[PDB]
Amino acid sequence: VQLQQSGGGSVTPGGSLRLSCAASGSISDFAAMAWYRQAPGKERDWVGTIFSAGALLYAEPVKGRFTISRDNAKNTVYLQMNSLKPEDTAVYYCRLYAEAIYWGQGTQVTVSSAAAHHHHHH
């Protein structure tokens, strides 16, 4: 597999998360990494993109709530998401444009008061 996504989970309204998309390919082939959000039965909706030389492209609705960054040298891009609301519950996908174009397998984010319920774990 080319892309490994993680950093998702369940968080209460108001919280933040930082999704990660790690590519197994070479850092020199990186051209851009875009992020998309797909709410339950909704269409995949583009959120933003980071380019190799570091420019940051954000969709009109984002208005500063989400931050795209790249690890120094772990060939990984991050999407930090703040002030989460139940409406942000979705599967978040990264897409890499390098030597070839690849989709990630998605990361589920759930924003709910039930994120404060941990008895299944402990």
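Just count from 1 along the sequence shown to find any residue number.
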Return whichever of 27 to 35 and 49 to 57 has the greater mean Cα B factor according to the PDB record. 27 to 35
Take the C-alpha B-factors listed in the entry for 1 to 9 and for 112 to 120, compute each mean, and give the stretch with the larger one. 1 to 9
Among the chain's modelled residues, which third holds the C-alpha B-factor of residue 20? lowest
Looking at the temperature factor on the CA atom of residue 62, which third of the chain's modelled residues does it land in? middle
Relative to the other modelled residues of the same chain, rank the CA B-factor of residue 79 and answer lowest, middle or highest third. lowest
Of the three thirds of the chain ranked by Cα temperature factor, residue 68 occupies the lowest
